[PDB]
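Visitor: Just dropping in an experimental structure and the matching sequence.
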Amino acid sequence: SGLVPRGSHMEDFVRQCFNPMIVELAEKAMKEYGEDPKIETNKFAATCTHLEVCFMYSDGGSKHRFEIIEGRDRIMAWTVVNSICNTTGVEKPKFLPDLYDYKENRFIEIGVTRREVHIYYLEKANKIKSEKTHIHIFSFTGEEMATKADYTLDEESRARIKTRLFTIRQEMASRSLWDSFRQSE
Ligand SMILES: COc1cc(CCNC(=O)c2nc(-c3ccccc3F)[nH]c(=O)c2O)ccn1
Ligand SMILES: [Mn+2]
Ligand SMILES: [Mn+2]
């Protein structure tokens with residue numbers, strides 16, 4: 001119990017802000033990549049936020065529309081990706097995406113930003129390069145930006161995500177945690 005703390009204000013906020021299972025998946029995703037949520041608390045909240053947005057995103061639309069890639073361990077996620085590619089014929093993406101759209105026949109990369117959605121997508125579009133994987137960026141301010149202006153979901157489903165994102169921002173600010181969270185990206 002030396003360099004590893006017993007608790008943090010951000011960690012306690014993450015646990016009361018997000019559903020317990022979302023917190024567990026974020027802990028597993030971080031520990032799989034050698035990161036401890038008890039110290040890097042800003043990344044802990046961001047992974048939780050990205051997880052919840054991904055699950056809300058898949059909750060929009062029909063029952064069998066989306067195959068959820070995020071939230072699984074790396075090996076299982078790449079296994080499902082291989083099955084989707086070897087079933088639909090879609091090219092294997094270089095980087096692990098977040099979802100697959102059975103309706104649109106494309107993988108989706110979900111992004112949640114604390115800057116303008118313009119820089120983030122411009123980053124993610126240049127990282128994945130492949131103009132076949134769909135990109136959908138959400139901001140804590142309420143904007144969004146998707147590939148070919150195709151926002152996939154209904155307006156109501158996307159507005160729910162933007163509303164939740166702004167609520168997380170307000171809850172952090174009332175705890176004086178937002179500025180360090182914003183400056184961490
Ligand atoms: C540093 O890299 C990782 C990766 C993992 C597991 C897989 N995570 C992603 O693939 C994935 N990650 C992120 C994100 C990463 C760090 C901070 C805030 C984020 F929002 N955004 C995505 O959009 C996104 O898809 C856990 C911790 N750190
Ligand atoms: Mn991901
Ligand atoms: Mn993502």
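Guide: Received, thanks. Residues are numbered from 1 along each chain as shown. Ligands and ions are numbered 1, 2, ... in the order given.

Visitor: This protein: strands as residue ranges?
Guide: 66-68, 99-101, 106-113, 134-139, 144-146 (DSSP state E).

Visitor: The residue of the chain found nearest ligand 1 and residue 1, how far apart?
Guide: Nearest residue of the chain to ligand 1: residue 46, at 3.5 Å (C-beta to the nearest ligand atom). Where C-beta positions appear, they are placed from N, C-alpha and C, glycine not excepted. Going from residue 46 to residue 1 by C-beta to C-beta, to the nearest Å gives 25 Å.

Visitor: neighbour count winner among these two?
Guide: When neighbours are counted by other C-beta atoms under 10 Å, residue 46 and residue 1 differ, and residue 46 comes out ahead with 19 against 5.

Visitor: Residue 110 is in contact with residue 99, isn't it?
Guide: Yes. Residue 110 is within contact range of residue 99, at 6.9 Å (criterion: C-beta atoms under 8 Å).

Visitor: can you list residues touching both of those two?
Guide: Residues touching both residue 110 and residue 99 by C-beta atoms under 8 Å, 6 or more residues apart in numbering: 54, 57, 70.
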